[PDB]
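Data block below; observations after.
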Amino acid sequence: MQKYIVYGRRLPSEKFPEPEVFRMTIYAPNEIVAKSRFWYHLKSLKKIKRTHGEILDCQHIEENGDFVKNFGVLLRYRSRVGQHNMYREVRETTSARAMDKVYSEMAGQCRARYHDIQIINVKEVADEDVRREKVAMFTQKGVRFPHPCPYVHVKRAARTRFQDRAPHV
Amino acid sequence: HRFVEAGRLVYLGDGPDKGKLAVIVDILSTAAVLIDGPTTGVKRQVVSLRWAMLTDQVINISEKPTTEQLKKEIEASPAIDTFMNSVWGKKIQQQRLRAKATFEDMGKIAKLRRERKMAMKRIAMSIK
Amino acid sequence: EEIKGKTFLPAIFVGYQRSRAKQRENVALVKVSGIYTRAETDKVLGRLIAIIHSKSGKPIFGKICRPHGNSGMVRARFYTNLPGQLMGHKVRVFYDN
Amino acid sequence: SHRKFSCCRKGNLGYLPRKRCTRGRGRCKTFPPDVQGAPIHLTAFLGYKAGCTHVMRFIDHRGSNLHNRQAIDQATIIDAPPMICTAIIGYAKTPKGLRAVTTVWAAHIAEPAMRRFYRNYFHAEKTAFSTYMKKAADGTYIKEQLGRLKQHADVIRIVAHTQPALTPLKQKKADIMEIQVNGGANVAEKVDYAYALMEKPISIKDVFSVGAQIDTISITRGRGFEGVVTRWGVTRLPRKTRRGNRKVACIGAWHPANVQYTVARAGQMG
Amino acid sequence: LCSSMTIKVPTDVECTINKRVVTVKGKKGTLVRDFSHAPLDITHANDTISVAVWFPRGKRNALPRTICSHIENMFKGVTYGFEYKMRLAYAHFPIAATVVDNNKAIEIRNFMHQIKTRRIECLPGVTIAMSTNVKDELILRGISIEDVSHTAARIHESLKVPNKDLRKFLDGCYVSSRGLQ
Amino acid sequence: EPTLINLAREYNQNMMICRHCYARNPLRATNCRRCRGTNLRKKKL
Amino acid sequence: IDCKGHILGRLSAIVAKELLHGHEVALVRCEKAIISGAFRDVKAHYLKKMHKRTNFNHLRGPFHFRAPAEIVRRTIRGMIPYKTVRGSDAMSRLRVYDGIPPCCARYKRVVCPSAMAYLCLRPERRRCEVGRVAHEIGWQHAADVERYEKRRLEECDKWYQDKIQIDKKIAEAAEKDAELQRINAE
RNA sequence: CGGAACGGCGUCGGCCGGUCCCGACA
RNA sequence: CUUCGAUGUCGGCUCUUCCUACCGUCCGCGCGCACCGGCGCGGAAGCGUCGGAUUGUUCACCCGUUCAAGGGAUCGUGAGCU
RNA sequence: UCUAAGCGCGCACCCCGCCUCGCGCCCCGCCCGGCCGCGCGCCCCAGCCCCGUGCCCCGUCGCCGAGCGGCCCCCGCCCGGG
């Protein structure tokens, strides 16, 4: 939901005076979950527990949302059968908003919650590179389709309920 | 007729900017769209196509036109005027006025609405 | 009667503030017409309302106190307490005072 | 556990409730299908069972042994004195079923019909039809009301009354019965045929034919309170049963915990 | 995404599409088929009828082509007609087929020496004639493929051996040729 | 007779039977129409 | 309320609430209400729901009314506290009819759009009209209701042609004190 | 719609390989 | 576990109901289905599933016939009986 | 390619009829009397033919009549036989 670049390292020691600083880009709802996800990875990836480590920064990045881009995300998710790898493309104005779409699609179709899914990388695919037909259908220059759901103006009927005529669509 | 294409004037059915006029810029998916309303009050946002009912007028638009380029075209195009002078446009203006009515005003109108119901009975009886 | 040229906005006394376990007869839930949203309820909040007793014929006055849900229903308190045979009977939020 | 030996239930449950008939005499309940453009005919007649005789008949049934052979068969005589038609009811079939438009009565109704309308004719005030005979007998009333039947009715029936004076019965009151007129090309053909018969006798010879089949409808002979063995046909229990052999031994099982409607019980037979 | 298909209107046929009712007018008659059972944007477009289904999911994609084919069968049937040929097949007992009415019904008798008589009434718009030059054959000719096809299925269904082995007892009336003339 | 026996065999003998469903199914079938997706067919002469 | 096209349950719940607000609702053309789902399944539910009956005495048991307005009424008696006086009185306030009877022909009819099946139910959810299920379970007046609603429509249109003509005269009287109210009514 | 091993050319979403303007014999 | 200041304890007789995991009859389809028959399968609980010798027996077994499925209902059925 | 849209035929089963009961209601007769209400286009949603309104005051001034739609009222026994 938000997008954060979290910097953290292991605590300084006498055998290793300067420890390596590792930066990860974590998409998370809040700073505390971003820090939590960072440590989950740095425990498995580089054997650094939070107890044995210091987080030196959890910066929030406010990416410009003026124009739509195509995003391409690769993730690893866990089913009731076993872990699977997956590449999902999404067209959204920003990367933080693109992870919301991906997480929503993975919750609805893959029944996968945020804590199961690990995001290997997010990237901006160009219109030429898009590999999903849902994404590619709208990359085309002039895309015109009737309103997908025009009956959805039933938002009038709750406030109205009775009406003299049944409304046309 | 009436399609989700760049430039279609869209009435905003719901959301923070309900009751407002915007132009579609790009279609993220059938579900969504990026609209902006420089002549009106809508800032640039991605809304669900559900919240935006299409209007007949489509404004000429340069692809991916920012706010400043979109404003120049939205101001120049006579589409917003044609819609606002239309039957839907006039209703939207009438609906806008109705919402800002105090309890004192609601009473004023209800007396003047009863007066009309009775006037039509007086007129319909006259039409023999 | 005290109320003769008092114009009023139609309303209905739906029922008492209740839960599926305990009923609170002190506060009565009123559906004011033309008000479908909790934010719309502010315009008719703190206003005099009355329910005409069906046996007596005389008005039991009261005031609208606070909104009940997101859909307009308001919570209202009456000078006595509504008898319970008056549910569905109309309440009158006067345009004047 | 199961019964162990297949046997049917004793009794038809479509003849339930087995109660004394509340209807005064046999009623027709349904009438023969109307049939469009048939020859115009009257569907029913009222009669009184007289006796039974036994007849010798020559049976021309090919494939039966008794083909070109002779058979003595039981036959039931039903006395049918002519019936005076007294009225004409029209029913319009509606969403709620047939609903009668109106019933138009003759300007003169005979004494046996009037007798049906009062419990004791002698001590009766005799006010029935008093205003109606005055409103009718001008001719115009009947025609205007018959016109209402032609425009707003589909099922035209004739209301007839038996004449008990021509019978050995001690009744003295006419059984009043509606008889449907079937076969008209139009509704107006049925009402017009009915007017020809109004206030006039109708005989069985016109209503039915020899060789045709008829559905007799009547209330049966009565035997009063009767036991399960006679009323439903249940088997008498062995002779040593204490409390008697003339009963259904179990009226059900522990579950369902109430006696069932399908279990034979003592009550009115006939 | 629009799943589209296109059909080309023969100028022998003048066709009018209102709502989803399609009427074709041709030399042998006028056929009217209503396609309002499904969601389609059928368009006249000069000489091309395009079915055009929109947002297709699993079987919405299937619809554009069946409709386009159901329309070209209408065009072909009005222009040339449809003739389904049915040959009575028998061994010991000859089937007797008599065309009755104004060639609008058929009676098939002597099926396996059966006392039953099987009259099949042709659907409105199909006429049954006997073979003029083929022998033991019925010609079903009409402007509608669905009418001519259904009428012939009923004629086949009527002549069904009761029990037996249908593989050994392979008698019955069977459609032999289905074709425009 | 010959061709008519072939036309009858077309309508009476040339088919594929699903072993579970027992249903008649076309000769190029892969899955039975009724025994959904049941792939086991045959037909005997 | 004309139950033409109204989803049975979704209209009933809107009506049951209005019956409990003392609103005196009457439902016409119940035969044209819609039950979602394949008819074969909808009929099967209404035929399974008729199998429940008190074994000892079916006259003591649940009553299965085969008429469309009587099915529609039992649907509302489920969403109403009928045993209590509040709900027993509310059930009294409801009048339900198949077709528009002469009693209800001259009332102004509204339609609740939220409960209609065009707006609810996706194209393909296989709709089923209540009247068809009624004739399968055993209603006997399906034909008679149509024959009367064919003649009702015929008068309705003749009346409408006269009504368009009379309204022009009503609308033509646009000059009076009514303009003064219209200017103020803003 | 408690539920299994196993089926599905129901429908959506994936992962990994093979061919296709050397047209997926003409 | 629930009942011991008591819920009468097998089979038969009598009587109703219920289930399907269907034996015959019905409808399809398959056979190593020529026919007759058998046999497998899906739908189907409307009707039928009887008379007897021995045994307290349910069961068993045998004889017979329009050839004869299986069960539940406080192991249905004692102020009904034996 | 029997199915996905569309369509035909289709079971001793199911539902309806016929039959048994029938609360209510209806028409009529006697009687023909009060009381109450005030309001009608239709279709279709992948044409939706110009929409996204309206009503929003059942007393809050509405209440005559007309016309329609209601509702209520109304109807003996004893005795003797079957």
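Identifiers in the structure tokens: chain A, B, ... in order shown; residue index from 1 per chain; ligand index from 1 in order shown.
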
Pick out each residue of range 6-167 of chain A that DSSP on the backbone tags as alpha helix (DSSP H); I need them as a ChimeraX atom specification.
-> /A:31-44,95-108,133-139,155-159

Selected residues, C-alpha atoms, written as a compact mmCIF listing (two decimals), in the first residue's frame, please.
```txt
# COMPACT_ATOMS: atom_id res chain seq x y z
CA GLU A 31 6.46 1.64 8.76
CA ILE A 32 6.24 -1.03 11.50
CA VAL A 33 5.13 -3.79 9.01
CA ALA A 34 7.81 -2.69 6.51
CA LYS A 35 10.44 -3.05 9.26
CA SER A 36 8.90 -6.43 10.22
CA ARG A 37 9.03 -7.77 6.62
CA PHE A 38 12.62 -6.47 6.25
CA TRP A 39 13.77 -8.50 9.22
CA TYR A 40 11.94 -11.65 8.05
CA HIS A 41 13.99 -11.49 4.84
CA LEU A 42 17.33 -10.49 6.48
CA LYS A 43 16.92 -13.46 8.87
CA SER A 44 16.59 -16.04 6.06
CA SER A 95 4.20 0.96 -7.86
CA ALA A 96 2.60 1.22 -4.38
CA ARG A 97 -0.86 1.18 -6.03
CA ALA A 98 0.28 -1.70 -8.28
CA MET A 99 1.04 -3.87 -5.26
CA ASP A 100 -2.45 -3.14 -3.91
CA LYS A 101 -3.91 -4.48 -7.22
CA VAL A 102 -1.59 -7.52 -7.18
CA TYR A 103 -2.34 -8.31 -3.51
CA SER A 104 -6.09 -7.92 -4.22
CA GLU A 105 -5.90 -10.25 -7.25
CA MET A 106 -3.77 -12.77 -5.27
CA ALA A 107 -6.25 -12.67 -2.36
CA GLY A 108 -9.25 -13.22 -4.62
CA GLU A 133 -3.40 -10.04 -22.52
CA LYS A 134 -5.44 -8.32 -19.79
CA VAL A 135 -2.55 -5.76 -19.61
CA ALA A 136 -1.85 -5.65 -23.38
CA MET A 137 -5.54 -5.09 -24.32
CA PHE A 138 -5.28 -1.52 -22.94
CA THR A 139 -1.68 -0.71 -24.00
CA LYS A 155 -26.78 3.44 -6.25
CA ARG A 156 -29.84 5.61 -7.03
CA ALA A 157 -32.36 2.91 -6.01
CA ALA A 158 -31.19 2.69 -2.35
CA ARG A 159 -31.79 6.39 -1.84
```

Rows by chain and residue number, chain E within 12 Å of chain B, shortest pair, only C-alpha atoms, as CSV:
```
residue,atom,partner,partner_atom,distance
E:1,CA,B:30,CA,9.3
E:41,CA,B:1,CA,11.0
E:54,CA,B:30,CA,11.5
E:55,CA,B:30,CA,8.9
```

Find the residues around residue 120 in chain B up to 12 Å (only C-alpha atoms (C1' of nucleotides) counted), leave out those fewer than 5 positions away in its own chain, and share them as a compact mmCIF listing (two decimals) with N, CA, C and O atoms, in the first residue's frame.
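Once written, around30.txt looks like this:
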```txt
# COMPACT_ATOMS: atom_id res chain seq x y z
N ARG B 113 -44.89 23.15 -2.46
CA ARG B 113 -45.00 21.92 -3.26
C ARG B 113 -46.43 21.45 -3.06
O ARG B 113 -47.00 20.90 -4.01
N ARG B 114 -46.95 21.63 -1.85
CA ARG B 114 -48.37 21.33 -1.54
C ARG B 114 -49.24 22.30 -2.33
O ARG B 114 -50.25 21.87 -2.89
N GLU B 115 -48.83 23.56 -2.35
CA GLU B 115 -49.58 24.58 -3.11
C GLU B 115 -49.70 24.12 -4.57
O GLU B 115 -50.78 24.32 -5.15
N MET B 125 -59.61 20.01 -12.59
CA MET B 125 -61.09 20.12 -12.46
C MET B 125 -61.58 21.14 -13.49
O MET B 125 -62.64 20.91 -14.09
N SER B 126 -60.83 22.22 -13.67
CA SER B 126 -61.22 23.25 -14.66
C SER B 126 -61.25 22.63 -16.06
O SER B 126 -62.13 23.01 -16.85
N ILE B 127 -60.34 21.70 -16.35
CA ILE B 127 -60.28 21.12 -17.72
C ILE B 127 -61.40 20.10 -17.87
O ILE B 127 -61.14 18.89 -17.77
N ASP G 167 -54.34 15.27 -21.39
CA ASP G 167 -53.22 15.89 -20.66
C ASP G 167 -52.82 17.13 -21.44
O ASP G 167 -52.43 18.10 -20.80
N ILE G 170 -54.55 19.87 -20.02
CA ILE G 170 -54.09 20.14 -18.63
C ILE G 170 -52.77 20.91 -18.71
O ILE G 170 -52.66 21.95 -18.05
N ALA G 171 -51.81 20.42 -19.50
CA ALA G 171 -50.49 21.08 -19.66
C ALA G 171 -50.66 22.46 -20.29
O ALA G 171 -49.92 23.37 -19.91
N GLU G 172 -51.59 22.60 -21.22
CA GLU G 172 -51.83 23.88 -21.93
C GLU G 172 -52.26 24.93 -20.91
O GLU G 172 -52.09 26.11 -21.22
N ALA G 173 -52.86 24.51 -19.78
CA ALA G 173 -53.22 25.46 -18.70
C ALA G 173 -51.98 25.69 -17.83
O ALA G 173 -52.01 25.29 -16.66
N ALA G 174 -50.95 26.32 -18.39
CA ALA G 174 -49.68 26.56 -17.68
C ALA G 174 -49.65 28.00 -17.17
O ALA G 174 -48.64 28.39 -16.57
N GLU G 175 -50.73 28.75 -17.42
CA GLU G 175 -50.78 30.17 -17.00
C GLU G 175 -51.75 30.30 -15.81
O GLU G 175 -52.93 29.98 -16.03
N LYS G 176 -51.28 30.82 -14.66
CA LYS G 176 -52.11 30.92 -13.42
C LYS G 176 -51.23 31.34 -12.24
O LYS G 176 -50.31 32.14 -12.46
N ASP G 177 -51.57 30.90 -11.02
CA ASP G 177 -50.71 31.13 -9.83
C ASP G 177 -49.62 30.05 -9.78
O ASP G 177 -48.69 30.18 -8.98
N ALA G 178 -49.76 29.00 -10.59
CA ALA G 178 -48.79 27.89 -10.61
C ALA G 178 -47.43 28.40 -11.08
O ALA G 178 -46.42 27.95 -10.53
N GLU G 179 -47.39 29.32 -12.04
CA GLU G 179 -46.07 29.85 -12.43
C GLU G 179 -45.42 30.52 -11.22
O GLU G 179 -44.20 30.40 -11.06
N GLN G 181 -45.60 29.84 -8.04
CA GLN G 181 -44.95 28.82 -7.19
C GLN G 181 -43.69 28.30 -7.87
O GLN G 181 -42.67 28.20 -7.19
```

Need to verify the contact set: residue 30 in chain J, 9 Å, only C-alpha atoms (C1' of nucleotides), exclusion of same-chain residues closer than 5 positions in sequence. Can you return it as a ChimeraX atom specification? /D:127-131 /J:74-75

Since we have the selection now, will you write its residues out, keeping N, CA, C and O atoms (P, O5', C5', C4', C3', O3' and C1' of nucleotides), as a PDB file, in the first residue's frame?
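part-v4.pdb, freshly written:
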```
ATOM      1  N   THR D 127     -93.425 -14.954   1.722  1.00  0.00           N
ATOM      2  CA  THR D 127     -92.961 -13.693   1.103  1.00  0.00           C
ATOM      3  C   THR D 127     -91.961 -13.925  -0.036  1.00  0.00           C
ATOM      4  O   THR D 127     -91.618 -12.939  -0.693  1.00  0.00           O
ATOM      5  N   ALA D 128     -91.505 -15.151  -0.288  1.00  0.00           N
ATOM      6  CA  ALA D 128     -90.437 -15.306  -1.303  1.00  0.00           C
ATOM      7  C   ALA D 128     -90.907 -14.933  -2.698  1.00  0.00           C
ATOM      8  O   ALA D 128     -92.025 -15.306  -3.043  1.00  0.00           O
ATOM      9  N   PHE D 129     -90.107 -14.159  -3.427  1.00  0.00           N
ATOM     10  CA  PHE D 129     -90.385 -13.777  -4.835  1.00  0.00           C
ATOM     11  C   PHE D 129     -91.533 -12.781  -4.915  1.00  0.00           C
ATOM     12  O   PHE D 129     -91.824 -12.365  -6.022  1.00  0.00           O
ATOM     13  N   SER D 130     -92.043 -12.294  -3.785  1.00  0.00           N
ATOM     14  CA  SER D 130     -93.247 -11.431  -3.864  1.00  0.00           C
ATOM     15  C   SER D 130     -92.966 -10.163  -4.668  1.00  0.00           C
ATOM     16  O   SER D 130     -93.760  -9.867  -5.561  1.00  0.00           O
ATOM     17  N   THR D 131     -91.875  -9.458  -4.371  1.00  0.00           N
ATOM     18  CA  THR D 131     -91.502  -8.268  -5.173  1.00  0.00           C
ATOM     19  C   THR D 131     -91.027  -8.703  -6.558  1.00  0.00           C
ATOM     20  O   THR D 131     -91.247  -7.953  -7.518  1.00  0.00           O
TER      21      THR D 131
ATOM     22  P     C J  74     -76.989  -9.614  10.553  1.00  0.00           P
ATOM     23  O5'   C J  74     -78.423 -10.178  10.151  1.00  0.00           O
ATOM     24  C5'   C J  74     -79.537  -9.296   9.925  1.00  0.00           C
ATOM     25  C4'   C J  74     -80.244  -9.698   8.658  1.00  0.00           C
ATOM     26  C3'   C J  74     -80.164 -11.177   8.329  1.00  0.00           C
ATOM     27  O3'   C J  74     -81.194 -11.874   9.016  1.00  0.00           O
ATOM     28  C1'   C J  74     -79.744  -9.854   6.382  1.00  0.00           C
ATOM     29  P     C J  75     -80.874 -12.825  10.305  1.00  0.00           P
ATOM     30  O5'   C J  75     -82.176 -13.733  10.404  1.00  0.00           O
ATOM     31  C5'   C J  75     -83.328 -13.453   9.590  1.00  0.00           C
ATOM     32  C4'   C J  75     -83.549 -14.559   8.587  1.00  0.00           C
ATOM     33  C3'   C J  75     -83.037 -15.943   8.984  1.00  0.00           C
ATOM     34  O3'   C J  75     -84.046 -16.897   8.706  1.00  0.00           O
ATOM     35  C1'   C J  75     -82.245 -15.364   6.835  1.00  0.00           C
TER      36        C J  75
END
```

Pull out every residue of chain I sitting within 12 Å of chain G, counting only C-alpha atoms (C1' of nucleotides), and send them as a list in words. residues 16, 17 and 18 of chain I

May I have the selected residues written with N, CA, C and O atoms (P, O5', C5', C4', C3', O3' and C1' of nucleotides), as a PDB file, in the first residue's frame?
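Written file, again.pdb:
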```pdb
ATOM      1  P     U I  16     -53.430 -51.016   7.545  1.00  0.00           P
ATOM      2  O5'   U I  16     -52.384 -49.826   7.447  1.00  0.00           O
ATOM      3  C5'   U I  16     -52.852 -48.490   7.622  1.00  0.00           C
ATOM      4  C4'   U I  16     -51.862 -47.693   8.421  1.00  0.00           C
ATOM      5  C3'   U I  16     -50.625 -47.249   7.675  1.00  0.00           C
ATOM      6  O3'   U I  16     -50.854 -46.166   6.793  1.00  0.00           O
ATOM      7  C1'   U I  16     -50.030 -47.972   9.840  1.00  0.00           C
ATOM      8  P     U I  17     -50.232 -46.203   5.339  1.00  0.00           P
ATOM      9  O5'   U I  17     -48.856 -45.426   5.521  1.00  0.00           O
ATOM     10  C5'   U I  17     -48.817 -44.111   6.100  1.00  0.00           C
ATOM     11  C4'   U I  17     -47.569 -43.949   6.930  1.00  0.00           C
ATOM     12  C3'   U I  17     -46.264 -44.003   6.165  1.00  0.00           C
ATOM     13  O3'   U I  17     -45.969 -42.772   5.537  1.00  0.00           O
ATOM     14  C1'   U I  17     -46.080 -45.327   8.103  1.00  0.00           C
ATOM     15  P     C I  18     -45.389 -42.775   4.069  1.00  0.00           P
ATOM     16  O5'   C I  18     -43.819 -42.821   4.302  1.00  0.00           O
ATOM     17  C5'   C I  18     -43.185 -41.920   5.218  1.00  0.00           C
ATOM     18  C4'   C I  18     -41.866 -42.488   5.660  1.00  0.00           C
ATOM     19  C3'   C I  18     -40.965 -42.946   4.535  1.00  0.00           C
ATOM     20  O3'   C I  18     -40.265 -41.879   3.894  1.00  0.00           O
ATOM     21  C1'   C I  18     -41.015 -44.598   6.206  1.00  0.00           C
TER      22        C I  18
END
```

- request: Select all residues from chain H having any atom no more than 9 Å from an atom of chain E (counting only C-alpha atoms (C1' of nucleotides), ignoring ligands), output as number ranges by chain.
  value: H: 10-12

What does the file look like for those residues with C-alpha atoms (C1' of nucleotides), as a PDB file, in the first residue's frame?
```pdb
ATOM      1  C1'   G H  10     -16.790 -26.020 -16.131  1.00  0.00           C
ATOM      2  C1'   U H  11     -14.197 -21.504 -15.728  1.00  0.00           C
ATOM      3  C1'   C H  12     -10.251 -18.285 -14.431  1.00  0.00           C
TER       4        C H  12
END
```

Write out, as a tab-separated table, each residue of chain I that has an atom at most 10 Å from chain D, together with the closest pair of atoms and their distance in Å to one decimal, counting only C-alpha atoms (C1' of nucleotides), rows going by chain and rising number.
```
residue	atom	partner	partner_atom	distance
I:13	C1'	D:237	CA	7.6
I:14	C1'	D:249	CA	4.9
I:15	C1'	D:250	CA	5.2
I:16	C1'	D:263	CA	5.5
I:17	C1'	D:252	CA	8.2
I:18	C1'	D:2	CA	10.0
I:47	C1'	D:8	CA	9.6
I:48	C1'	D:6	CA	8.3
I:49	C1'	D:6	CA	6.4
I:50	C1'	D:6	CA	8.4
I:58	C1'	D:4	CA	9.9
I:71	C1'	D:2	CA	6.9
I:72	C1'	D:1	CA	6.0
I:73	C1'	D:255	CA	6.2
I:74	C1'	D:254	CA	7.3
I:75	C1'	D:1	CA	7.5
I:76	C1'	D:253	CA	4.7
I:77	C1'	D:250	CA	5.8
I:80	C1'	D:249	CA	4.6
I:81	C1'	D:241	CA	5.3
I:82	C1'	D:241	CA	8.0
```

Any idea which chain J residues end up within 9 Å of chain B if we count only C-alpha atoms (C1' of nucleotides), as a PDB file with N, CA, C and O atoms (P, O5', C5', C4', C3', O3' and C1' of nucleotides), in the first residue's frame please?
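Result saved to iface-v7.pdb:
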```pdb
ATOM      1  P     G J  47     -29.993  -5.135 -28.819  1.00  0.00           P
ATOM      2  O5'   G J  47     -29.791  -3.575 -29.116  1.00  0.00           O
ATOM      3  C5'   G J  47     -30.959  -2.746 -29.251  1.00  0.00           C
ATOM      4  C4'   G J  47     -31.052  -1.842 -28.051  1.00  0.00           C
ATOM      5  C3'   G J  47     -32.467  -1.395 -27.670  1.00  0.00           C
ATOM      6  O3'   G J  47     -32.515  -1.062 -26.291  1.00  0.00           O
ATOM      7  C1'   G J  47     -31.223   0.472 -28.206  1.00  0.00           C
ATOM      8  P     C J  51     -32.406  12.576 -22.223  1.00  0.00           P
ATOM      9  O5'   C J  51     -32.788  12.164 -20.733  1.00  0.00           O
ATOM     10  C5'   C J  51     -34.139  11.839 -20.361  1.00  0.00           C
ATOM     11  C4'   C J  51     -34.227  10.419 -19.851  1.00  0.00           C
ATOM     12  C3'   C J  51     -33.485  10.119 -18.550  1.00  0.00           C
ATOM     13  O3'   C J  51     -34.368   9.484 -17.638  1.00  0.00           O
ATOM     14  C1'   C J  51     -32.958   8.503 -20.201  1.00  0.00           C
ATOM     15  P     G J  52     -34.382   9.920 -16.109  1.00  0.00           P
ATOM     16  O5'   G J  52     -33.094   9.181 -15.492  1.00  0.00           O
ATOM     17  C5'   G J  52     -32.787   9.351 -14.091  1.00  0.00           C
ATOM     18  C4'   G J  52     -31.294   9.284 -13.889  1.00  0.00           C
ATOM     19  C3'   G J  52     -30.592  10.610 -13.592  1.00  0.00           C
ATOM     20  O3'   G J  52     -30.621  10.893 -12.202  1.00  0.00           O
ATOM     21  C1'   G J  52     -29.308   9.229 -15.085  1.00  0.00           C
ATOM     22  P     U J  53     -31.403  12.183 -11.612  1.00  0.00           P
ATOM     23  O5'   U J  53     -32.929  11.741 -11.671  1.00  0.00           O
ATOM     24  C5'   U J  53     -33.952  12.570 -11.108  1.00  0.00           C
ATOM     25  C4'   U J  53     -34.936  12.947 -12.181  1.00  0.00           C
ATOM     26  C3'   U J  53     -36.260  13.492 -11.685  1.00  0.00           C
ATOM     27  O3'   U J  53     -36.193  14.882 -11.396  1.00  0.00           O
ATOM     28  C1'   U J  53     -36.667  11.826 -13.301  1.00  0.00           C
ATOM     29  P     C J  56     -45.583  15.842  -3.891  1.00  0.00           P
ATOM     30  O5'   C J  56     -44.591  15.390  -2.732  1.00  0.00           O
ATOM     31  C5'   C J  56     -44.994  14.477  -1.698  1.00  0.00           C
ATOM     32  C4'   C J  56     -43.775  13.809  -1.109  1.00  0.00           C
ATOM     33  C3'   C J  56     -42.924  14.697  -0.220  1.00  0.00           C
ATOM     34  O3'   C J  56     -43.428  14.657   1.116  1.00  0.00           O
ATOM     35  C1'   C J  56     -41.535  13.538  -1.756  1.00  0.00           C
ATOM     36  P     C J  57     -43.665  16.017   2.015  1.00  0.00           P
ATOM     37  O5'   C J  57     -44.986  15.760   2.861  1.00  0.00           O
ATOM     38  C5'   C J  57     -45.806  14.608   2.613  1.00  0.00           C
ATOM     39  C4'   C J  57     -47.257  15.007   2.568  1.00  0.00           C
ATOM     40  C3'   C J  57     -47.840  15.242   1.175  1.00  0.00           C
ATOM     41  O3'   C J  57     -48.981  14.405   0.857  1.00  0.00           O
ATOM     42  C1'   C J  57     -48.203  17.138   2.521  1.00  0.00           C
ATOM     43  P     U J  60     -52.952  19.316  10.589  1.00  0.00           P
ATOM     44  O5'   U J  60     -51.861  20.377  10.125  1.00  0.00           O
ATOM     45  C5'   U J  60     -50.502  19.988   9.884  1.00  0.00           C
ATOM     46  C4'   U J  60     -50.056  20.509   8.543  1.00  0.00           C
ATOM     47  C3'   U J  60     -51.141  20.541   7.479  1.00  0.00           C
ATOM     48  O3'   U J  60     -51.016  21.712   6.688  1.00  0.00           O
ATOM     49  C1'   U J  60     -49.352  19.213   6.725  1.00  0.00           C
ATOM     50  P     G J  62     -55.377  22.768   0.667  1.00  0.00           P
ATOM     51  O5'   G J  62     -55.820  21.222   0.574  1.00  0.00           O
ATOM     52  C5'   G J  62     -57.218  20.908   0.790  1.00  0.00           C
ATOM     53  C4'   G J  62     -57.468  19.445   0.530  1.00  0.00           C
ATOM     54  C3'   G J  62     -58.902  18.971   0.779  1.00  0.00           C
ATOM     55  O3'   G J  62     -59.744  19.178  -0.346  1.00  0.00           O
ATOM     56  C1'   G J  62     -57.378  17.486   1.815  1.00  0.00           C
TER      57        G J  62
END
```

Could the residues of chain A within 12 Å of chain H, counting only C-alpha atoms (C1' of nucleotides), be given as a tab-separated table (two decimals) with C-alpha atoms, in the first residue's frame, please?
```
chain	number	residue	atom	x	y	z
A	74	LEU	CA	7.40	-11.37	-9.77
A	75	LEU	CA	6.37	-13.00	-6.48
A	76	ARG	CA	6.71	-16.29	-4.54
A	77	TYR	CA	3.52	-17.47	-2.80
A	83	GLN	CA	5.35	-22.77	-2.63
A	84	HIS	CA	4.91	-21.49	-6.22
A	85	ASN	CA	6.61	-18.73	-8.30
A	86	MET	CA	4.45	-16.32	-10.34
A	87	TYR	CA	4.78	-13.26	-12.64
A	88	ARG	CA	1.80	-10.88	-12.55
A	105	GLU	CA	-5.90	-10.25	-7.25
A	106	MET	CA	-3.77	-12.77	-5.27
A	107	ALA	CA	-6.25	-12.67	-2.36
A	108	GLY	CA	-9.25	-13.22	-4.62
A	109	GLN	CA	-7.88	-15.79	-7.08
A	110	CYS	CA	-4.90	-17.41	-5.26
A	111	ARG	CA	-6.41	-17.13	-1.72
A	132	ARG	CA	-0.39	-10.51	-20.21
A	134	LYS	CA	-5.44	-8.32	-19.79
```

Exercise for the section: Kindly provide, as a count of residues only, the residues of chain C having any atom no farther than 12 Å from an atom of chain A, counting only C-alpha atoms. Expected result: 8

- Within 8 Å of chain I, which residues of chain E show up when using only C-alpha atoms (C1' of nucleotides), listed as a list in words?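 Using only C-alpha atoms (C1' of nucleotides), chain E residues at most 8 Å from chain I: residues 164, 165 and 168 of chain E.
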